[PDB]
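# Secondary and tertiary structure notes
Single-letter residue listing:
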6 protein chains.
Amino acid sequence: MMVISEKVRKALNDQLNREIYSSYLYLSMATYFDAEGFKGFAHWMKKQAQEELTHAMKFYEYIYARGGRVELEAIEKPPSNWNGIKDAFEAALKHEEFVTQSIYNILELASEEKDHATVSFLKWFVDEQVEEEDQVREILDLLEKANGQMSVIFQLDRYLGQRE
Amino acid sequence: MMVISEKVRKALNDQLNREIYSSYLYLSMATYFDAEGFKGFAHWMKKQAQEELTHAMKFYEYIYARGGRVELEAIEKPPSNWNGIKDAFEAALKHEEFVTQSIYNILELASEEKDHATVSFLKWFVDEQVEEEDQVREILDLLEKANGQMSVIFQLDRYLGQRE
Amino acid sequence: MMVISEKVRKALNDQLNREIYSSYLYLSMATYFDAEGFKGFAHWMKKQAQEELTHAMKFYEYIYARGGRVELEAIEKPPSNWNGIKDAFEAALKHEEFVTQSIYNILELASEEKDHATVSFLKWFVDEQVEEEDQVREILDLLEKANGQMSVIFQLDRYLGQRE
Amino acid sequence: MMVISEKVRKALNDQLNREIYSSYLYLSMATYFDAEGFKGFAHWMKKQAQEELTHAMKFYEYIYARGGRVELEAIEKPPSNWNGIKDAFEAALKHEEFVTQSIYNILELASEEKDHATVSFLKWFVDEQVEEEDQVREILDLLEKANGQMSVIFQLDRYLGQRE
Amino acid sequence: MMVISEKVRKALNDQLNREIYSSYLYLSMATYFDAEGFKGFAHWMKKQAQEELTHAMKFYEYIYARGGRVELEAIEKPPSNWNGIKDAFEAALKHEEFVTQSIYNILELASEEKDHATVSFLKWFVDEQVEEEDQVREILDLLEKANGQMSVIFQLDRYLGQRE
Amino acid sequence: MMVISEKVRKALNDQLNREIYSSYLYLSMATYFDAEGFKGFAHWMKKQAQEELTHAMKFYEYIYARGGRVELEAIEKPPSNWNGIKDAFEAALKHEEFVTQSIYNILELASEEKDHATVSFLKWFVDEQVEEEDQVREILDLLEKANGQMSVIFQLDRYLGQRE
Ligand SMILES: CCCCCCCCCCCCCCCCCCCC
Ligand SMILES: CCCCCCCCCCCCCCCCCCCC
Ligand SMILES: CCCCCCCCCCCCCCCCCCCC
Ligand SMILES: [Fe+3]
Ligand SMILES: [Fe+3]
Ligand SMILES: [Fe+3]
Ligand SMILES: [Fe+3]
Ligand SMILES: [Fe+3]
Ligand SMILES: [Fe+3]
């Protein structure tokens, strides 16, 4: 039987679906970059999309480990175009900060319910979000320095296209 | 410039989104098998979901190679429950036969337009569909022979849980 | 259930039986070459007979993959006497060209029915028949040049006897 | 020149053709097992068909070694269906016992003619027939013990499917 | 004797000669890049010329495999001057798209004649042309982004000069 | 700036174009040998065609090293048929002797102009032409000894077909 509350189960399932959307949004940013011919930025976003799916499956396996079940929900259509390289990465940063706040909300729900197992499980994501946000902020700072000069933006398309 | 027609680009983009849905459907079947305690069947379905993502990305890269762009659409909520193991695999077979017909329709459209590049590209998917349909039919035949015997269902769950 | 039509299943089953006969014909050619004391030509024909069985089994496995069944039919007695070495290889070429036309007829039937899976499956055989015909044409050209000279025919016997 | 009698040559050639039919019969049993969805039993029968061809070719090479020639005859249509797994293997046992008696008849004929070379050649087949018959009896014993339990028949299908 | 029609043989021979011209055109592009001091772009074009010769020899061997013969025709003088790097690669792209259409025309002729062997042979070039066009489009996108900045064009010259 | 005279540059460019024609001529001889069924002689001629391209590219790189430019000219249609194997190799010998005299004419022009760099560059070709002529003379001597004797011509075809 399920040892998380239905309310914590719902919060975790909601977050799983949010991570699925995150993966889909980053794939959409990849489609935009590929349409604009930045094959390295697109590669970076495809890798990010794969990473978000691993987040979703961590939520999946935790839900089942606590006796719950996962219900997949409809996936909203992501935006398909951005008003520039900066516009896309600013959207990514805004999205990741929203994901961080969502995880925070689950953590406090679990803590109020004295569900220490879920509180502890979420630590990994708190720490991971620190890094996700930082990587996007670093990219945005580089884009600010480039100031639209393609001499430099070529170098950064090439470097992010190196992501493993 | 785009060297596929807009109608062929649309058909290919539609199929990419269909493959994304397929992946999500197989993930949902995994949520069902895991809820029912069949971790080997669930494992098989997670592997199948990943395979469907590789199909989607094959369409993605071909579309860009012909000068088109991809637009991701909303993904419909899949079913979450089946009336038993057979019911789920029968749903999988019906879905794969629908995917095959979808591929056939693109092939016939591209052939009507004398788009030999797209006709040739689609051959890989025709052959792959033969294999996917056959593997599900094989599982259904084994389940029919098992006739609900848990000894045999345990053995098959093991076997499918070994999928690489 | 069977997802090829009965007319296509019958065409494929007919061709499987045709490939069995091909194997048997080449074994009969081996009996002739061995009776004439050309063990290298006989070796080549025994290898060709084994190759034809691999063709039959490719049809076999495709038929089952599409939900059909194979029915083996009577095997006609092959000829056992030829006028000479070149006449045997000329008969081989005529047989392979007949096999190619038989395959073409299946492809055109499948295409009429929009059975794209079977059309795609048969491509391997179209390409292979090009090679089968060409290898016999090459041997026939060498035998025409030899012009019955037993010195040269012995060299060709030793060379064909090296077939792997 | 031929140093076997024509009667012994005919007996050996008749047996070569019997071995060709044996191979074809076992391939037909494979068509039945594959239609019934027992891919391991079918695999065993495909291996047996290849073994029977090695028997035919041992007769072939001996006939030529004694200065005779081989004449291939029409091959009769084998049965395509059996009333079940045990029915098919009972047919296989009856066939192999008929093959053994046929070999015995050649041996007795050659002995009457004081053709010691052929009597000695046939000892390999006498000994091999002991093993062929015994392997079928062992499978029939296993099927008798299984008594139609699919739990056990799955085991036997996988075990026979491991045949090298 | 020839098993392609004279019309299909002439279409294939015409294409072989077109592939020879393609090779010569790319060598001429190398003469331009070397005159402009871009040794890496020139290296890329020398490698491309060699690849075009392999295309010509594939047509050569297929014509002979179907019993035809090759007749080499005069090769027209290629252009030797372009208005810049991007202009040369735009010419390469236009040339490759013309080559693709030429191949399509042969494919449609062969299909009209039910020459399934030749249609199938041409599939390889259909797929290869997809790749050739895409590789030139990728180079054109890089040159577009470079926007005449010699900093980037030096790097691109080195990179293309590494072609194996 | 160009440090060869225009007259020497034109002589070298003319010779580069002559070497291209040489390559094409030897490919045409290959088309003849393949039409006649002598795949070893054809192989030898294909290897010779590639060797002539290496000659052309040695002229190419020297022209650029001295500040000149290469202009590729139209290639004349080579003969496609010869009155036999010996006729083809006699034509090859006559061609190579013509090439040697052409190189000599460049050397004498450069010496008149005291262009010691070009005189020295051409020594490699003087020495190479000695070998080019000698290998064809050797083949012609073998063919004279063979005297149309097909037994011997087979041996010569296989030997020339081993060319690396
Ligand atoms: C290389 C880009 C990968 C594609 C990312 C797609 C993002 C949206 C996909 C929707 C979800 C589909 C189901 C995926 C389940 C994966 C489960 C296996 C373990 C990761
Ligand atoms: C040493 C060379 C051996 C050549 C043997 C070729 C025999 C050809 C006879 C064909 C007709 C009988 C076919 C029987 C079925 C064989 C199935 C084998 C694959 C499983
Ligand atoms: C770096 C080398 C570049 C050389 C390109 C030359 C293209 C000129 C075309 C002329 C054709 C001559 C015949 C060549 C036949 C070669 C056949 C064998 C090799 C595939
Ligand atoms: Fe995430
Ligand atoms: Fe798929
Ligand atoms: Fe065949
Ligand atoms: Fe036997
Ligand atoms: Fe090409
Ligand atoms: Fe030369």
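Use the structure listed above.
Residues numbered from 1 in each chain as written, not as in the entry; some residues may be left out. Chains lettered and ligands numbered in written order. Part of a larger assembly, values for the part shown. Heavy atoms only, no water.

## A short note on the coordination of the iron ion (ligand 8)
Residues and elements named next belong to chain E. Protein coordination of the iron ion (ligand 8) is provided by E19 (OE), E52 (OE) and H55 (ND1), with donor distances spanning 2.2 to 2.5 Å. Within one chain, the residues donating to the iron ion (ligand 8) are spaced in sequence as E-x32-E-x2-H. Within this pair, whereas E19 is found in helix α1 (residues 6-35), its partner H55 is found in helix α2 (residues 39-65), the two being separated by 36 residues in sequence. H55 shares its class with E19; the two are buried. (Donors = N, O, S within 2.8 Å, 3.2 Å for Na, K, Ca; no water. Helix = DSSP H or I, 4+ residues; strand = E, 2+ residues; numbered from the N terminus. Buried < 20%, exposed > 50% of the residue type's maximum accessible area, 1.4 Å probe, protein only.)

## Focus on unusual backbone geometry
All names here are of chain C. One non-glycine residue with positive phi stands out, namely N147, at about 55°. Relative to the helices and strands, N147 resides in the loop between α4 (116-146) and α5 (150-160). With a relative accessible area of 67%, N147 lands in the exposed category.

## Side note on the site of ligand 1
Residues in contact with ligand 1, as listed here, are A:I20, A:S23, A:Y24, A:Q50, A:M57, B:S23, B:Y24, B:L27, B:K46, B:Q50 and B:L53. Chains contributing residues near ligand 1 are chains A and B. Here ligand 1 loses 89% of its free accessible area of 610 Å² to cover by the protein chains. Looking at the shell around ligand 1 residue by residue, the classes come out as 6 nonpolar, 4 polar and 1 charged. (Near = heavy atom within 4 Å. Areas by Shrake-Rupley, 256 points an atom, 1.4 Å probe, with all protein chains shown as cover. Nonpolar A, V, L, I, M, F, W, Y, C, P; charged D, E, K, R; others polar.)

## Here we look at the interface of chain D and chain C
With 29 residues of chain D in contact, the opposing surface of chain C contributes 29 residues. Carbon and sulfur atoms make up 56% of the surface buried where chain D meets chain C, a total of about 2,400 Å² over both sides. Across the chain D-chain C interface, the total number found is 6 salt bridges. A salt bridge links C:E71 to D:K77, with the shortest nitrogen-to-oxygen separation between them at 2.9 Å. Linking chain D with chain C are 24 residue pairs in polar contact, by the criterion used here. (Contact = heavy atoms within 4.5 Å. Buried area = accessible area lost by both parts, 1.4 Å probe. Salt bridge = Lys/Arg side-chain N within 4 Å of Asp/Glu carboxyl O. Polar contact = N/O pair within 3.5 Å; in protein donor to acceptor, adjacent residues only side chain to side chain.)

## Quick notes on the site of ligand 2
What surrounds ligand 2 is a group of 14 residues, the closest being C:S23, C:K46, D:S23, D:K46 and D:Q50. Around ligand 2, the neighbouring residues derive from chains C and D rather than from a single chain. A total of 620 Å² of accessible area belongs to ligand 2 in isolation, and the protein chains cover 88% of it. For the shell around ligand 2, the secondary-structure elements that each account for two or more residues are α1 (6-35) and α2 (39-65) of chain C together with α1 (6-35) and α2 (39-65) of chain D. Residues that form the shell around ligand 2 fall into these classes: 8 nonpolar, 4 polar and 2 charged.

## Some details on the pattern of salt bridges
One pass over the structure, following the stated rule, counts 73 salt bridges over all chains. Residue D:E61 is joined to C:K46 by a salt bridge in which the shortest nitrogen-to-oxygen separation is 3.0 Å. Of this pair, D:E61 sits in helix α2 while C:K46 sits in helix α2, placing the two residues on different chains. Notably, a salt bridge pairs E:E73 with F:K77, separated by 3.0 Å at the nearest N-O pair. Here E:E73 is found in the loop between α2 and α3 (85-112), whereas its partner F:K77 is found in the loop between α2 (39-65) and α3 (85-112) on a different chain. If you follow the salt bridges from partner to partner, you end up with B:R66, E:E97, E:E133 and E:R137 in one network.

## As for the environment of B:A74
With respect to the element layout, B:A74 can be found in the loop between α2 (39-65) and α3 (85-112). When its relative accessible area of 46% is taken as the criterion, B:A74 is described as partly exposed. Distance in space between the C-alpha atoms of B:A74 and B:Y21 is 9.4 Å, their sequence separation being 53 residues. Aside from chain neighbours lying at most four places away, what touches B:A74 is A:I75, A:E76 and A:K77.

## Re the coordination of the iron ion (ligand 9)
Residues and elements named next belong to chain F. In the first shell of the iron ion (ligand 9), the protein supplies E19 (OE), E52 (OE) and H55 (ND1), at 2.0 to 2.3 Å from the metal. All donors to the iron ion (ligand 9) come from one chain, and their sequence spacing reads E-x32-E-x2-H. Here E19, found in helix α1 (residues 6-35), pairs with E52, found in helix α2; they are 33 residues apart in sequence, far enough to count as distant. Among the residues examined, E19 registers a relative accessible area of 0% and is labelled buried. According to the relative accessible area criterion, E52 is buried, its value standing at 0%.

## Digging into the interface of chain E and chain A
Contact with chain E, which involves 10 residues of that partner, is made by 10 residues of chain A. Contact with chain A buries surface across chain E, with E:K145, E:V152 and E:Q155 losing the most and accounting together for 55% of the total. Summed over the shared surface of chain E and chain A, the result is 1 salt bridge. In this structure, A:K39 engages E:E138 in a salt bridge whose closest nitrogen and oxygen atoms are separated by 3.1 Å. Our enumeration of links across chain E and chain A arrives at 3 residue pairs in polar contact. Among the elements of the structure, α4 (116-146) and α5 (150-160) of chain E are those that each provide at least two residues to the side of chain E that touches chain A. With 5 residues, α5(E) is the largest single contributor of residues to the side of chain E that touches chain A. Grouping the amino acids of the side of chain E that touches chain A by side-chain chemistry returns 4 nonpolar, 3 polar and 3 charged.

## Some remarks on a negative patch on the surface
Residue and element names in this part refer to chain A. Taken together, the side chains of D127, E131, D134 and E138 define an acidic patch exposed on the protein surface. Along the polypeptide, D134 turns up in helix α4 (residues 116-146). Overall, the relative accessible area of 39% leaves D134 in the partly exposed class. (Patch = residues over 30% accessible without salt bridge, like charges linked within 9 Å, V, L, I, M, F, W, Y side chains within 5 Å. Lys, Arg positive; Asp, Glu negative; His and termini not counted. Charge placed at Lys NZ, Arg CZ, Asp CG, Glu CD.)

## What about helix α1 (residues 6-35) of chain B?
Residues and elements named next belong to chain B. End to end, α1 covers 43 Å across 30 residues, agreeing with the expected 44 Å (1.5 Å per residue, within 8%). With 23 of 30 residues buried, α1 is to be regarded as a mostly interior element. Backbone geometry just after α1 places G37 at a positive phi near 85°. (Expected span 1.5 Å × (residues − 1).)

## What about the relation of the copies chain D and chain C?
Look at the two chain copies: a rotation about an axis and a shift along it is all it takes to match them. For the match of chain D to chain C, the screw axis carries a shift of 0.0 Å, the RMSD comes to 0.2 Å, and the turn is 180°. What the rotation and shift describe, once combined, is the action of a two-fold rotation axis. Every residue of chain D has its C-alpha some distance from the rotation axis, and the shortest such distance is that of D:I75, at 2.5 Å. Mapped onto chain C, 100% of the interface residues of chain D again fall at the interface, so both copies present the same surface. (Least-squares fit on C-alpha atoms.)

## Regarding the relation of the copies chain E and chain A
Superposition record for chain E on chain A: RMSD 0.3 Å, screw rotation 89°, translation along axis 1.6 Å. Such a combination of turn and shift is consistent with a four-fold rotation axis. The C-alpha atom lying nearest the rotation axis in chain E is that of E:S151; the distance is 4.9 Å.

## With respect to the packing of α1(C) against α2(C)
All names here are of chain C. At a minimum axis distance of 8 Å, the contact between α1 and α2 shows a crossing angle of 170°. One way to sum up the angle between α1 and α2 is to call them roughly antiparallel. Classifying every residue of the contact of α1 with α2 by side-chain character gives 18 nonpolar, 6 polar and 6 charged. (Axes fitted to C-alpha atoms, helices over the stretch in contact; angles between N-to-C directions. Parallel < 35°, antiparallel > 145°, perpendicular 65-115°, else oblique.)

## Thoughts on the nonpolar core
Grouped burial of nonpolar side chains is what soluble globular proteins tend to show. Core analysis: the largest hydrophobic core is formed by 333 residues, its most contacted members being A:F89, B:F89, C:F89, D:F89, E:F89 and F:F89. For this core, the leading source of residues is α1(E), giving 14 residues. Excluding its chain neighbours within four sequence positions, the residues that come into contact with C:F89 are C:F33, C:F41, C:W44, C:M45, C:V136, C:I139, C:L140, C:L143 and C:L160. (Core = buried A, V, L, I, M, F, W, Y, C linked by side-chain atoms within 4.5 Å.)

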